[PDB]
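Protein chains in written order, with the deposited numbering: chain 2, 19 to 103, 123 to 175, 183 to 221; chain 3, 0 to 55, 105 to 263, 277 to 340.
We treat Cβ as the ideally placed atom computed from N, Cα and C, and that holds for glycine.
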RNA sequence: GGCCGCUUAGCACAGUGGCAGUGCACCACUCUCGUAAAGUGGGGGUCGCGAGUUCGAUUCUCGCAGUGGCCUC
Ligand SMILES: [Zn+2]
Ligand SMILES: [Zn+2]
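Here is the structure:
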């Protein structure tokens, strides 16, 4: 066996950003699927109920309501995975490339592989700056592929600032037309 | 003893260039426009100033990073109505942006078009004493009581400078990292990949603190932090803004302020912040 | 009283006989982890002030107005 991208998992990941977009949180969604479930046999879209029930943990960018400015999607679902119960060998599929924070946390937990659809230059852990295989020990590392469904991953994120903020200082907020 | 942490850089070198001598001012005033029209400065060669006076007398530089153009020099001679002699000079190939002392260090040969770099404030005399008091009061005593052999020994504190450097929140015993676990120990202690991880660690003693002040994001506070934050706590300090970071004993195995990569200096990131060592 | 320095846009500070500048900013604009950030461009000035010198003075020359350091009372 091995791990390959499965379409329905990324569909769930991207449809897990629209719900957070309606809430008004930044549209970044992560889906932790079972380690031995990303196998080619599950590549097809068949058995949608079974495929979306094999999903182990899902998270969104819960920073707006929480108040913790340091809690992206990756840091939430792992908590959910911890709450439902380990060395996080489960594969993680996210819509935007993990930030340096998430790329460090996943390194510390020995993640088997972390796929992402879009690359965010301002805060990118596997893009501009590379924590994919940076740590040198003595054998601690993970991998990450280029991008899948990037167009949706950027449309949802652009639809965020087109609508304005709410909590903001009257002087510091932007009254864009 | 505060040692400011700055991105290392190499001293500039010199590449050949061609100059000349100018006697009268009006000819040079016309020559400025003539050279601007004929030989505009290259983008890599725009970091210099054409105006120059000889040490002994005015001598003017003409061509940067290479020989003069034949037609351009002939037109310059025609404008001067006299022959133009060329003496070789040298011009810098590396542009400094952080040190005023380094900026002046090569000013003897030639000035820089980019002005004196904005010198960061060199703290103050009393704030050093405040830092010493906080070290002898809070962070260092925790690193004393936090570690028996079992807990790691890292403590971080969110100090507020406006109120006389008072501790807003301090990480305690129930926040630190176990030695046996290897998930938390990759960043701070060496060879943590040898042992398996019993648990999953999501928060280090620098992220527990930053999530207890929400009661914007810690913008404008300060963080005394004993051992130097890892790469995760670097984004803790960069998404949740922080004015200054004071690490005492650096982490060679992995660290976002020291060994691995100086996160605070990364250009694409929004919030650039300063880091001071304090041993 | 004396002596030394200093005055430049809303602000903070360069700079020099011939173009009047640079950081913060009243503001505007562009984007992929709120766009409450960061990059980017525009406008903003009696260079105490007067007299003199110079084809030409913020600069040079003198005086005067102001502040600051030391000294004298
Ligand atoms: Zn992240
Ligand atoms: Zn850390």
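query                                                                                                                                                                                                        : result
For the candidate residues 309 (chain 3), 215 (chain 3), 48 (chain 3), 333 (chain 3), whose alpha-carbon lies nearest to that of residue 300 (chain 3)?                                                      : 333 (chain 3)
Which term fits residue 29 (chain 3), buried or exposed, when burial requires 16 or more other beta carbons within 10 angstroms of its beta carbon?                                                          : exposed
Which word fits residue 329 (chain 3), buried or exposed, when buried means at least 16 other C-beta atoms lie within 10 angstroms of its C-beta?                                                            : exposed
Would you please verify whether the beta carbon of residue 241 (chain 3) is less than 8 Å from any beta carbon of chain 2?                                                                                   : yes
Tell me where the alpha helix (DSSP H) around residue 138 (chain 3) begins and ends.                                                                                                                         : From DSSP, residue 138 (chain 3) is part of no alpha helix (DSSP H) but of the beta strand (DSSP E) over 135-140.
Starting from the C-beta of residue 75 (chain 2), find all residues in its chain whose C-beta is less than 6 Å away, skip the five residues before and the five after it, and write them out in chain order. : 50, 95, 98, 99
Can you list, in chain order, the stretches of the beta strand (DSSP E) that have 3 or more residues and sit fully within the segment 70-101 of chain 2?                                                     : 73-78
With a threshold of 8 Å, are at least 3 pairs of Cβ atoms found where one atom belongs to the segment 135-144 of chain 2 and the other to the segment 193-202 of chain 2?                                    : no
Is it buried or exposed, residue 231 (chain 3), if we count other Cβ atoms within 10 angstroms and call 16 or more buried?                                                                                   : buried
Determine the contact status of residue 39 (chain 2) and residue 202 (chain 2), defining contact as a CB-CB distance below 8 Å.                                                                              : no
Quick one, what's near ligand 1 if you take every residue whose CB is closer than 6 Å to any heavy atom, in chain order?                                                                                     : 90 (chain 2), 92 (chain 2), 135 (chain 2), 136 (chain 2), 138 (chain 2), 139 (chain 2)
Below 7 Å on C-beta distance, what does residue 171 (chain 2) contact in chain 3?                                                                                                                            : 321
Please state if the CB of residue 315 (chain 3) and the CB of residue 253 (chain 3) are separated by a distance shorter than 8 Å.                                                                            : no
Which residues end up in the neighbourhood of ligand 2 when you take C-beta atoms closer than 5 Å to any of its heavy atoms?                                                                                 : 252 (chain 3), 291 (chain 3), 293 (chain 3), 294 (chain 3)
Return no unless some Cβ of chain 2 is closer than 8 Å to the Cβ of residue 284 (chain 3).                                                                                                                   : no
Using the Cβ count rule (16 or more neighbours within 10 Å means buried), how would you classify residue 206 (chain 2)?                                                                                      : exposed
Is it right to say residue 210 (chain 2) is buried, meaning 16 or more other beta carbons lie within 10 angstroms of its own, or is it exposed?                                                              : exposed
Return the CA-CA distance between residue 166 (chain 3) and residue 145 (chain 3), expressed in angstroms with no decimal places.                                                                            : 9 Å
Who pairs with residue 155 (chain 2) in a beta bridge, going by DSSP?                                                                                                                                        : 133 (chain 2)
So which of 191 (chain 2), 193 (chain 2), 173 (chain 2) has the shortest CA-CA distance to residue 240 (chain 3)?                                                                                            : 173 (chain 2)
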